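Chains S, V, F and L are the protein sequences, given in the same order. Counting in my numbering, the first sequence runs from 149 upward without gaps. Counting in my numbering, the second sequence runs from 149 upward without gaps. Counting in my numbering, the third sequence runs from 149 upward without gaps. Counting in my numbering, the fourth sequence runs from 149 upward without gaps. All remarks here apply to the structure that follows.
Protein chains: 4
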Amino acid sequence: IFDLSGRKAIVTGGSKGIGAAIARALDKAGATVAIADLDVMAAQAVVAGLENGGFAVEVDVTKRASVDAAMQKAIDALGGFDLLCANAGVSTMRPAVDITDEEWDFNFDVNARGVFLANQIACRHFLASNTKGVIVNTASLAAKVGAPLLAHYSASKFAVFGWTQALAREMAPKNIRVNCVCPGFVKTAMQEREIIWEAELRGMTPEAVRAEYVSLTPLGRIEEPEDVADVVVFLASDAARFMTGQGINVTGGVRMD
Amino acid sequence: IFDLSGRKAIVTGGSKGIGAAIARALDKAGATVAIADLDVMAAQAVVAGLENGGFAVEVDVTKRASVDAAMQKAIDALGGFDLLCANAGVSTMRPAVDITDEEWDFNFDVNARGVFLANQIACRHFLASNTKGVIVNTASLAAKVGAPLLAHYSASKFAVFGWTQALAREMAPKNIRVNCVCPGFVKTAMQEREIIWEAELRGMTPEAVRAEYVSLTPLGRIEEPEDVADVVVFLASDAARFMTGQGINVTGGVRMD
Amino acid sequence: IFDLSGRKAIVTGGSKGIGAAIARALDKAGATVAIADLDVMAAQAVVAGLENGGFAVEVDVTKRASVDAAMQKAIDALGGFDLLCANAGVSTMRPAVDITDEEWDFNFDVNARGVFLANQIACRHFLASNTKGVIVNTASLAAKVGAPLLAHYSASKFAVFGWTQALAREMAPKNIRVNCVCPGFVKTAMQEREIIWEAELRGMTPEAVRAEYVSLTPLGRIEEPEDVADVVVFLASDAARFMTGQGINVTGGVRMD
Amino acid sequence: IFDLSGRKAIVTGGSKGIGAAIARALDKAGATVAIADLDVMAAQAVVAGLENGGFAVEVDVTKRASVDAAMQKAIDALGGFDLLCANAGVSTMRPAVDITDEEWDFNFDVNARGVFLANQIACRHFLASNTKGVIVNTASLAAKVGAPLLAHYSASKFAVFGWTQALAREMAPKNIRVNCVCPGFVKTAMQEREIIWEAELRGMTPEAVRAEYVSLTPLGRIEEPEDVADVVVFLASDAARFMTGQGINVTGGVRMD
Ligand SMILES: NC(=O)c1ccc[n+]([C@@H]2O[C@H](COP(=O)([O-])OP(=O)(O)OC[C@H]3O[C@@H](n4cnc5c(N)ncnc54)[C@H](O)[C@@H]3O)[C@@H](O)[C@H]2O)c1
Ligand SMILES: NC(=O)c1ccc[n+]([C@@H]2O[C@H](COP(=O)([O-])OP(=O)(O)OC[C@H]3O[C@@H](n4cnc5c(N)ncnc54)[C@H](O)[C@@H]3O)[C@@H](O)[C@H]2O)c1
Ligand SMILES: NC(=O)c1ccc[n+]([C@@H]2O[C@H](COP(=O)([O-])OP(=O)(O)OC[C@H]3O[C@@H](n4cnc5c(N)ncnc54)[C@H](O)[C@@H]3O)[C@@H](O)[C@H]2O)c1
Numbered sequence: 149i150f151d152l153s154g155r156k157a158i159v160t161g162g163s164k165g166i167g168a169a170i171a172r173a174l175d176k177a178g179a180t181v182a183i184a185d186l187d188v189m190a191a192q193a194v195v196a197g198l199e200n201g202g203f204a205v206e207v208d209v210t211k212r213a214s215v216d217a218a219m220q221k222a223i224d225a226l227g228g229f230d231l232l233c234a235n236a237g238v239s240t241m242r243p244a245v246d247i248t249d250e251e252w253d254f255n256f257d258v259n260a261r262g263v264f265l266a267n268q269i270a271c272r273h274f275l276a277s278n279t280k281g282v283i284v285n286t287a288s289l290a291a292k293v294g295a296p297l298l299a300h301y302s303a304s305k306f307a308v309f310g311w312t313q314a315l316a317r318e319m320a321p322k323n324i325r326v327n328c329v330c331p332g333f334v335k336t337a338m339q340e341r342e343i344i345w346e347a348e349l350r351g352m353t354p355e356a357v358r359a360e361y362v363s364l365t366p367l368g369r370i371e372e373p374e375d376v377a378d379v380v381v382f383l384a385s386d387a388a389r390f391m392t393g394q395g396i397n398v399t400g401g402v403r404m405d
Numbered sequence: 149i150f151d152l153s154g155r156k157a158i159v160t161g162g163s164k165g166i167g168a169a170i171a172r173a174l175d176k177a178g179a180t181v182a183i184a185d186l187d188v189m190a191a192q193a194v195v196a197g198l199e200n201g202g203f204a205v206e207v208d209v210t211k212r213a214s215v216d217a218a219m220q221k222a223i224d225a226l227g228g229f230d231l232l233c234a235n236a237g238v239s240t241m242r243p244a245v246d247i248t249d250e251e252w253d254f255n256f257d258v259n260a261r262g263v264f265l266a267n268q269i270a271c272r273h274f275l276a277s278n279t280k281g282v283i284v285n286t287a288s289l290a291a292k293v294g295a296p297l298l299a300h301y302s303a304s305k306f307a308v309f310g311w312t313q314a315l316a317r318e319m320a321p322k323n324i325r326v327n328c329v330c331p332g333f334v335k336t337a338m339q340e341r342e343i344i345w346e347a348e349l350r351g352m353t354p355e356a357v358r359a360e361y362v363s364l365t366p367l368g369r370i371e372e373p374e375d376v377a378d379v380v381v382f383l384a385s386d387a388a389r390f391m392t393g394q395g396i397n398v399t400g401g402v403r404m405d
Numbered sequence: 149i150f151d152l153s154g155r156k157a158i159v160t161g162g163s164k165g166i167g168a169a170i171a172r173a174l175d176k177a178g179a180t181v182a183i184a185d186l187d188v189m190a191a192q193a194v195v196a197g198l199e200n201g202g203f204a205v206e207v208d209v210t211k212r213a214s215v216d217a218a219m220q221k222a223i224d225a226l227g228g229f230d231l232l233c234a235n236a237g238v239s240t241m242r243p244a245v246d247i248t249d250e251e252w253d254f255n256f257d258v259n260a261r262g263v264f265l266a267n268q269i270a271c272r273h274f275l276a277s278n279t280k281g282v283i284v285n286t287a288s289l290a291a292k293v294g295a296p297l298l299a300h301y302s303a304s305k306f307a308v309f310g311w312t313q314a315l316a317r318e319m320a321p322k323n324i325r326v327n328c329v330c331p332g333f334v335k336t337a338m339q340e341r342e343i344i345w346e347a348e349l350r351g352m353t354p355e356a357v358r359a360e361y362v363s364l365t366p367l368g369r370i371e372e373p374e375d376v377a378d379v380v381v382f383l384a385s386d387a388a389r390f391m392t393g394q395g396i397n398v399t400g401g402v403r404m405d
Numbered sequence: 149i150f151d152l153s154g155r156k157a158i159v160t161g162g163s164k165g166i167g168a169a170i171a172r173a174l175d176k177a178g179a180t181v182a183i184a185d186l187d188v189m190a191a192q193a194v195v196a197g198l199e200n201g202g203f204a205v206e207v208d209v210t211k212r213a214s215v216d217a218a219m220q221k222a223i224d225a226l227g228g229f230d231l232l233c234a235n236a237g238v239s240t241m242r243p244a245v246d247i248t249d250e251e252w253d254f255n256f257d258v259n260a261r262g263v264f265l266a267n268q269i270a271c272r273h274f275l276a277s278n279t280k281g282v283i284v285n286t287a288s289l290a291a292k293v294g295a296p297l298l299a300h301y302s303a304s305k306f307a308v309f310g311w312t313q314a315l316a317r318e319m320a321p322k323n324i325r326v327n328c329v330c331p332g333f334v335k336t337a338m339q340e341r342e343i344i345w346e347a348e349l350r351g352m353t354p355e356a357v358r359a360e361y362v363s364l365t366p367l368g369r370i371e372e373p374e375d376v377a378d379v380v381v382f383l384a385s386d387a388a389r390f391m392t393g394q395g396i397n398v399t400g401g402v403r404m405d
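Next comes the structure, spelled out in structure tokens:
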């Protein structure tokens, strides 16, 4: 029941970080994966290590024409389409009173609009092929608890979750499932950037900010991309066949719902 | 104690519906109100009825320069500034697969960006004047439960709530409180449009749709703007002095948190 | 609309702390208050200072016969019954692996059973008289987030919240509202004592424990009973007429729902 | 990462319904399972069919002496102990004003106390043997939303979730995870019973009550035990290694968190 053999997957933002771990895990579980990413060279590198082969395609998830074209190219390459993991996201950090319109839009356009477009287009394909498709979106701990210095980011990730819920309600009568995962403090390049921004803004060392994240975590350690990826495999699989519209926390006990 | 005597309030989207009720209720409680709205003449008519006088100013909450200018004009007119109720909002209704970018941006730019802008600018003012300012944002039941045919609207209202939480956390050390309210099925012009849109989309009469809303409401009646307004007064007031970052449900029992 | 003039209230556990503050606030707002408490001398001490008179009655909220008789005596004394504030509660702090059955039962029977009996009997009274009755139960932050060292306490307070929601659903069609309040870190005369015990269990000093509670509170201070009581006034009043089944956080930003 | 090969499990309430499906699914995934149930005849019948051996033991989860003896007997039979699924539960349906003390106690003693005892004793064992132990408790949709006619049942299931969260926070530093699953409208004998009671209390047919549950489920069918059991497998597994303190909805989209 956890097997993804034969399934055809697209992972947006799959070149690096959590997305790459998702792609690797989906593949380990039996799927054939297309990675759509701003960095198509990094996508090809990930594909090189997948067991079932795969495909790399360039996409800018902020732009409808790009997402439409990327998705169609991936679907054509895969020879079908069963699963979307919409993972592309960004952050900037800033005191709320100083957030710029530019970075409000950067966060919204990638995190919320990028999920919208990939999801909307995915569902169009699923419906046109009468597929029991499955969507997993990457939200955040900040889709559950507003985070200081990330107020715009939090807003954008709450938007993901709300979109997820509503979409799920529309797609469930069509046997299309839509869920999201809410990671905690994940060791990737987004975290390494964040610790340095945060330390500066709070006047702390990077090391102390890190240690605070671990102190907040009941399981006692910083999170890895794989911690999230293995949960996305679950939500993609038929073990989760009676689950839709959820924001599954994968945070080590930080956030309980 | 629920008195707002001597407090200086700005209500965005106060010309009509919930915002007009909020303006009347704040004024009944002792505040002097400035209404900032697209519809300046309707705002002026609400102001005409208020006990403590007040001011009406044109604003388009989607635009930073407009919000900056309208807030400054209001604060100048009021002679101070203690309370922002950011209420302006819009909706469209569409199957998720058919949502346009135009209507995605219309919902986000008013609902989410407009709150952002009014709040951020309010907080700059409060901090510059050393005022223990208070914010009440109007979210929605759709900030708690994703609603079908309103997937983009829901996402935008989730974003309000996430923004509210994160700002509350930043503002709390400054003794500035930020909360939102989440109304249910409130009988305003927006309800009248939605009833019609939903009737159109589901092949029902608008009256049957409205009756279904009441059937879904434990307290057994359609909601009034005043149902909401009296809770905004509470949240504005010092009775709510130890409450910040909440999404207070005012739905007649439809949603419980 | 926030006035309780003419209303007749019963407060269980009104002798001390949050309950005493509730009784004093209800009275200030216009109500006539009966306090039902295990310590009737301490109840009478609170009644002595109230503006609108009132009545003190012995009760053991763990026993149905006691609650029925106290409630009946109180209603008789008041000449009516509009409002129940079910506040009686207890806690013991213990590592989860060392919780005794006695401590489990103590917590459940007072906190969860006590609310059940008082609420059930109140509702029987309201329904028999066709009264638009209101209930405010005192839950806890630990009804929202389970708390280490308070695992049985948390379970009991989650139960209060679930009870509140279900009862509210049943009662709403009969024009009876049922809400709860979820206080945070409240300074009562008992907390000197429960802080030393926590400090002992955690290998900290009492000072360090109290300071940590402040640190953890966005609004920057320990909570007072009055912070809660004023929100209870609101929930009792017709300002909250369109709210039912809620767990209203009064935590200074610690918990956001 | 989803394999439970070699692991030793105890399922309380595993004789029929959801519990039996849990016990089957854990076994299919590679575990050896002991079932502890009030009906040991039925438990033995399930155990007889398991691939990996197993053990049936009689338990009354409402009694500490019973739980301690049954768990020790199981652990001795299994030769180790890695996993507890505390599933035993009961319900009765009754209007909230008519709930008896006897049925309040029945619901609490099984549902909440029985999880407390099983979990507490399990953790004692895990800690003594330095075991990375895992607990999955069976809560309910009614741990998330209070259910009319089930107010006592809801309160007991809220308790299970709150216990789960608090215990998770205490156990997380010791490498022990504690989660719960919240099933929706699952077709078992609890449902066949309830459909009848509810139909009588509401003046409806049993068929119509069941139809109403389907109507309320976005995925559009009544839930099966296996829908729940497969998620339990996931939570038991190392795929869920960075998840603790959660109430995972398995409701077909009825409740989203
Ligand atoms: N690191 C964390 O703690 C954390 C926590 C919660 C959520 N998340 C979320 O997880 C997801 C991935 O985070 P990460 O930490 O792995 O970050 P990352 O910066 O490691 O990776 C981001 C990926 O998204 C792609 N991307 C960015 N903008 C894009 C665009 N416009 N079009 C297409 N692809 C684009 C990048 O090229 C990259 O492969 C994001 O949604 C992020 O918000 C991260
Ligand atoms: N009616 C409901 O059931 C309902 C439910 C939940 C939330 N809401 C929310 O409550 C708020 C008020 O809604 P309502 O039902 O009273 O709607 P309404 O249409 O009666 O009033 C909307 C007000 O917002 C103003 N407005 C719209 N866009 C604006 C802009 N760009 N700049 C300035 N002013 C603008 C309008 O001119 C109008 O005065 C909105 O945020 C809405 O999303 C309404
Ligand atoms: N719709 C549903 O059926 C539904 C929904 C949500 C939750 N649940 C929960 O799922 C769990 C199983 O429900 P089910 O529908 O499979 O019910 P069931 O009535 O079919 O099975 C109950 C099981 O628990 C056992 N049990 C009862 N009292 C016990 C005691 N004192 N000690 C030990 N064992 C005891 C029984 O012998 C039986 O094996 C329960 O916790 C129940 O509350 C069921």
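Each residue gets a CB set at the ideal place from its N, CA and C atoms; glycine is no exception.
The beta-bridge partner set that DSSP reports for residue 160 of chain L consists of L:184 and L:234. Within 7 Å of the C-beta of residue 221 of chain V there is not a single heavy atom belonging to ligand 2. In this structure, the CA atom of residue 233 of chain V is about 13 Å from the CA atom of residue 222 of chain V.
Judged by DSSP secondary structure, residue 218 of chain F falls outside any beta strand (DSSP E) and instead within the alpha helix (DSSP H) spanning 212-226. Looking from the CA of residue 159 of chain L, the closest CA among L:320, L:150, L:188 and L:397 belongs to L:188.
Inclusion of residue 207 of chain F and residue 215 of chain F in the CB contact set at 8 Å is warranted, their separation being smaller than that value.
Close to residue 247 of chain L, with beta-carbon spacing below 8 Å, are these residues of chain F in chain order: 264 and 268.
Residue 338 of chain F counts as exposed, since fewer than 16 other beta carbons sit within 10 angstroms of its beta carbon. Across the structure, residue 171 of chain L and residue 162 of chain L are spaced so that their CA atoms are roughly 6 Å apart. In this chain, the alpha helix (DSSP H) harbouring residue 358 of chain S covers 354-363.
Cβ neighbours of residue 280 of chain L within its own chain (closer than 6 Å, five residues either side excluded): 323. As the crow flies, the alpha-carbon of residue 393 of chain S is around 20 Å from that of residue 387 of chain L.
Between residue 268 of chain F and residue 290 of chain L, the beta carbon gap of about 18 Å keeps them out of contact (Cβ cut-off 8 Å). Per DSSP, residue 272 of chain V lies in no beta strand (DSSP E); the unbroken alpha helix (DSSP H) holding it starts and ends at 262-277. Contact annotation: the region 254-261 of chain L does not touch the region 272-287 of chain F, with fewer than three C-beta pairs closer than 8 Å. If only uninterrupted beta strand (DSSP E) runs of at least 3 residues are considered, those enclosed by the region 278-344 of chain S are 282-286 and 325-331. Residue 376 of chain S places its beta carbon less than 8 Å from that of residue 329 of chain S.
Nearest to residue 302 of chain L by C-alpha distance, out of F:312, F:285 and F:201, is F:312.
With a threshold of 7 Å, the Cβ atom of residue 164 of chain L counts as near ligand 3, since some heavy atom of the ligand is closer than that.
By DSSP's assignment, residue 199 of chain S forms no beta bridge with any residue. Taking C-alpha positions only, residue 364 of chain F is separated from residue 354 of chain F by approximately 16 Å.
In this structure, the straight-line span from the alpha carbon of residue 382 of chain L to that of residue 213 of chain F is close to 47 Å. At least one heavy atom of ligand 2 sits closer than 7 Å to the Cβ of residue 337 of chain V. Looking only at F:255, F:275, F:344 and F:318, the smallest Cα-Cα distance to residue 287 of chain F is reached by F:255.
In this structure residue 326 of chain L touches residue 283 of chain L by the C-beta definition: roughly 4 Å separates them, less than 8 Å. Under DSSP, residue 204 of chain V forms a beta bridge with V:183.
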